[PDB]
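As structure tokens, the next two blocks hold two forms of the same chain, structure 1 and structure 2.
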Structure 1
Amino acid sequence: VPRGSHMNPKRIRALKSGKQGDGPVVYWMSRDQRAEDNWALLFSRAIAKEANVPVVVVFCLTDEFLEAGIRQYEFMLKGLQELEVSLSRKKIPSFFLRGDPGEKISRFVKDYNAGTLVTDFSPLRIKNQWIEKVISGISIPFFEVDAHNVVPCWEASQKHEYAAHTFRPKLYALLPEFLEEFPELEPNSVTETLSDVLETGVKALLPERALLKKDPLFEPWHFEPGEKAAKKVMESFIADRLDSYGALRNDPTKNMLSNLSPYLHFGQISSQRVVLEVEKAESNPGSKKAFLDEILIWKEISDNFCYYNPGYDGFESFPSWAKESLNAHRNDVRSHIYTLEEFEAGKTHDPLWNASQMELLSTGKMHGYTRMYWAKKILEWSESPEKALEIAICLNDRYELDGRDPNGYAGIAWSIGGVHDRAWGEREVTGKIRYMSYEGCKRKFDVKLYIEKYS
């Protein structure tokens, strides 16, 4: 807990007490891959300044990439190529390790005689597993910093929040303390495996790319990765799209969303930065309220969900009323039953669902509104709730650029299990889970135009 005027100590918490070593401060970067507006890197620099040592950044590439597609890999890697150059300009060296973070981070601390270890915060299961391994294998102090949420996850609330309307008041009460400008990253005054080689080695490791009847389906030109690109996407949203957001956010025929989720997922841009700029923008107040609710309440309540429910991707995490309902309807005759392969290919009877899948396959980002429709029909046309959850998670994390994310698990849990929702009218197969229909969409936007844009 070092000094600093803009260094709120509540953003940091110790994972391991220990004797501070004589070597550099190491920032094990995982979730927040950026140089600007990064509380984890800023704290690491602050601690370094106080101990008269340099700060270095270390990043561990795991074999997880093999589970989810070329498209996520290129986006991350191309971003990291930009990050390395950015950190070089500030005289901050970056090291890239390939292996199990459990093993590799421990050995790096020992070999480079690191004095203090800092990492960013993720509520996902696997990160806590790596952390506990690292703890068992080091002697130096080990700090965690929430660089992803405006209000630190463990400060916003101490329990799983049942609904946004109970969480909203708590989060906004803490905004005045935690919504603050970022100080500039001070360069080092003391002073890696080829990212280009990791790019090729693993891009060839993926022969199972999604193709077409043999042309590849992914279109990489829709989102340019990196920290610079993210800033441009933010500024064009404020300039051109924020004003209309309140009205057109749920019309998938209009590209009127922020398009920030891919950059937000990999932490190439801070949501605190986005919030700071949106707050100062003079736009329609209704649109502001709507957007802020999405990127503050719903984004950060998703971290709450995963942090306090370690089964966040299972039926157990559903609330009792949803479990009772879905259990009661397990034997109901489904009108249609499709396999993972058939959903994946877009071979259902519903042209709207198929179009949603085609947008996902081709762009890597399904519109917000149809994601709800998409997930809920998987529940409707699967043989069991467990199978639906599997299929939804599999397709989401495999094809969404912003997948493998708390927002994904919390969003699928809303669609299928009523997490952060309430009970609705009793139906068959879906019980009391909120229903969405083809006819409903027909009333809210030009379904025909969405279908034709994606075959």
Structure 2
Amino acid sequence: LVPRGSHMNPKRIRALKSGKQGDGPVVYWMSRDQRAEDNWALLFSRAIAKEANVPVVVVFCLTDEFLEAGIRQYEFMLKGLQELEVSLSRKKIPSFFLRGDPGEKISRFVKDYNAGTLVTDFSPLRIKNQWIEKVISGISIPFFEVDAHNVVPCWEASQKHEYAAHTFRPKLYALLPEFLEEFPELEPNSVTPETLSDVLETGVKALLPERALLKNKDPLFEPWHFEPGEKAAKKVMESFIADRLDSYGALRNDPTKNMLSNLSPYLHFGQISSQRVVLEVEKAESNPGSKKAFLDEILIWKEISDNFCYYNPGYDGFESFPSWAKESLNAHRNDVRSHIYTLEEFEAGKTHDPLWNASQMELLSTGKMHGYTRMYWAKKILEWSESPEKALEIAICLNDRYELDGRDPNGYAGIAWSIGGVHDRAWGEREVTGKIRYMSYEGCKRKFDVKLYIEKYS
């Protein structure tokens, strides 16, 4: 229960576990949505706390899986959290950063701090569901989750997997009047109930031996492309609206032009709300066509990616591809591939295709491949791999290791679109790739200045 007139739509919250309410603080286990503003999970947690006459507290688990990615993501995330600590303290909301995996750490925190209720935010990824299961086994209090990431709650937008954007889109657009709304201000707590610097230090030390390097031993990653944190995210949204949105409709498929929003690292870590971004873009007057194109990406393609992972347990595997695509890829499984590259050759940009290699260099060096070349890139991994299953493994591996926005439903769904035709149609049949949409080198040369892209990332 929340207080009357809390302005919380109950369809954004789902019970994970019934239990017996304790009498201590409401705990928001923050995971996907690392921000203090425009955060329905935090707002709901604050409202339940108010109704129960207790403070709200935030807990965040620094998990054992950080060593599966790189310094690039750890630093981006932790520097954000350092800023988040301050923002929350200004609301008199304490934040606790627990070192370990959530099953053990959240269970013990709930016991030690006498939590009344546990709330988390929503992710459809397997790792979050693994963590939920272990937490559920270790707690006796009620446990809710709130969809703070999507404008329309994932379980409301559709009751099933949607095979196409054109079947998801009408369902989603029909629910915006309900769910696309301004956010209330977060009410501070009535009174105030190892540093992150130390953690960051220790973690970087553990990641240093796996850092991506040039043959010169100097690191590949350039950390000045995306300043982390909630405040920077807002400035990137504002600069997009002011300077790039007008040209987005025309230039979003031109990787030589910096005309995308550059919001994905912030959106992935939840340092900015996609609902906020949509409210601000909807209010803007910009060139015809651009707003439509952008909203189709951040509403339909982003939220269909959560739809994909939520309703397909096997979202990272061949089995989740549509039937037409499985049958087509199977029919061509024994076709001789034109090339076969090792994961190390792909990783180092050592194929015979200079556009592919430049796309990989953009990823290595900036942590954000242009969205047009991500499609080209993944499709060539299919073409130059022993099987579609190996192609998925390679693409996921590289995406998750080197993208700042990786380890994300958008990535699994984008790789499945690219390799498996998920949310696509069948195209003309070719050897190796069957009826999966093909993106040729020469087609790219007709579309944009390939030589300039290669020079930029060489």
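Here, residue number means position along structure 1's sequence, counting from 1. Heads up, when I say rigid core I mean the largest set of C-alphas that superpose within 1.5 Å between the two forms.
- Following superposition on the rigid core between structures 1 and 2, the residue from 247, 206, 85, 292 with a C-alpha displacement of 2 angstroms or more is 206, and no other.
- Lined up on the core, residue 135 has its CA atom moved by 1.7 Å between structures 1 and 2.
- Relative to the superposed core, residue 67 has its Cα moved 0.5 Å between structures 1 and 2.
- Superposed on the core, the two forms differ at residue 197, whose C-alpha moves 3.1 Å between structures 1 and 2.
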